[PDB]
């Protein structure tokens, strides 16, 4: 129960793919998906002209005035497609982990070994790779670990062909020995391709990063913190002092991110199953008076109710969130949780009141249904 074969599957310009499938006339045209003033993502034709992900409409448009834009505020369709993709990956192997709407990890370890036991003592010399090999590294067919990672590159290719054939979506995959590597290597060949990482090239991959905020797990916060100590490259982090780090982020934050800086990462691929929550969010900077704005709350609920319904499970908690304005508070949402009266659980009318009263004990508003059962 030690060496693993994990794949990370990461779809191409996901929202824009889904919009291009819905309206084919958007193909071959540079496309951006807008949400308020933000171009959240764009198709590859777009990125050729300079549009980057999370550009504002303005910069997007003055970098490329020929850009089509469609609204992506409503996530319904993306969320549906997102689950269609996870469910299809669950068929290859039950344990799939989601990350956002367009990433999935799958532990292919049991699958690879079953395939290897089916191959006679002869064809195993014919095992080939599918896709790119990170760093152009040579394969060694007598290396058991190379053989398992190639077999894993083949399962990957089959998952991508099925995603294409069955749902019409393209994507990249990365095959590696842990989740951190598999995700870092799935991006090496961007558009609709896959890459496999052999152990000998782990260090090359991790040292190819230009700053530790590129390591999955180190976010906006730890990043500035690590800086304050002089730690800027992944090597700085590798060689920095455990004690001084240990004692400045807590043994947890520290002992973990240091392992990552080496490419080491033992977290298991967890089963995501159905969501732990369902929320809708509306935005209207400056428009929320602070009484005239409740009707918005009934807006969110209308959809929420129909969604939560469907899954089936009924939520046993509700939550309401906000955010106020003037200077850049960087950080500042407020909320009030509350249990969903048991009668209310088995419709719209009351909810409004819970929320309204929940509203008073209290830029933008949202509603979350959690604690599903």
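In this text, the rigid core denotes the largest set of C-alpha atoms whose superposition between the two forms falls within 1.5 Å. Residue numbers count along the first chain shown, from 1.
In 9 other deposited structures of this protein, superposed by the rigid core, the C-alpha atoms of 292 to 300 lie farther from the shown form than the other of 292 to 300 and 162 to 170.
Remark: when the other structures in 9 other deposited structures of this protein are fitted onto this one via the rigid core, 280 to 288 deviates more than the alternative among 226 to 234 and 280 to 288, judged by RMS CA distance. Judged by the one-third criterion across other entries of this protein, residue 327, though modelled here, is missing from at least a third of those that model both its neighbours.
Going from residue 362 to residue 363, the model skips 4 to 9 deposited residues, which lack coordinates.
Going from residue 346 to residue 347, the model skips 4 to 9 deposited residues, which lack coordinates. Look at the C-alpha B-factors of 214 to 222 and of 68 to 76. On average they run higher in 214 to 222. Taking only CA atoms, the mean B-factor in the PDB entry is higher for 105 to 113 than for the other of 105 to 113 and 180 to 188. Of the residues listed, 323, 52, 48, 36, the entry assigns the biggest Cα temperature factor to 323. Which of 153, 232, 118, 261 has the largest Cα B-factor in the deposited entry comes down to 118.
Among the modelled residues of its chain, residue 8 has a C-alpha B-factor that falls in the lowest third according to the deposited record. In the deposited entry, the Cα temperature factor of residue 166 places it in the lowest third of its chain's modelled residues.
Residue 256 sits in the middle third of its chain by CA B factor, as recorded in the PDB entry. For residue 284, the recorded CA B-factor ranks within the highest third of the chain. Only modelled residues enter the ranking. The deposited CA B-factor of residue 355 belongs to the highest third of values across its chain.
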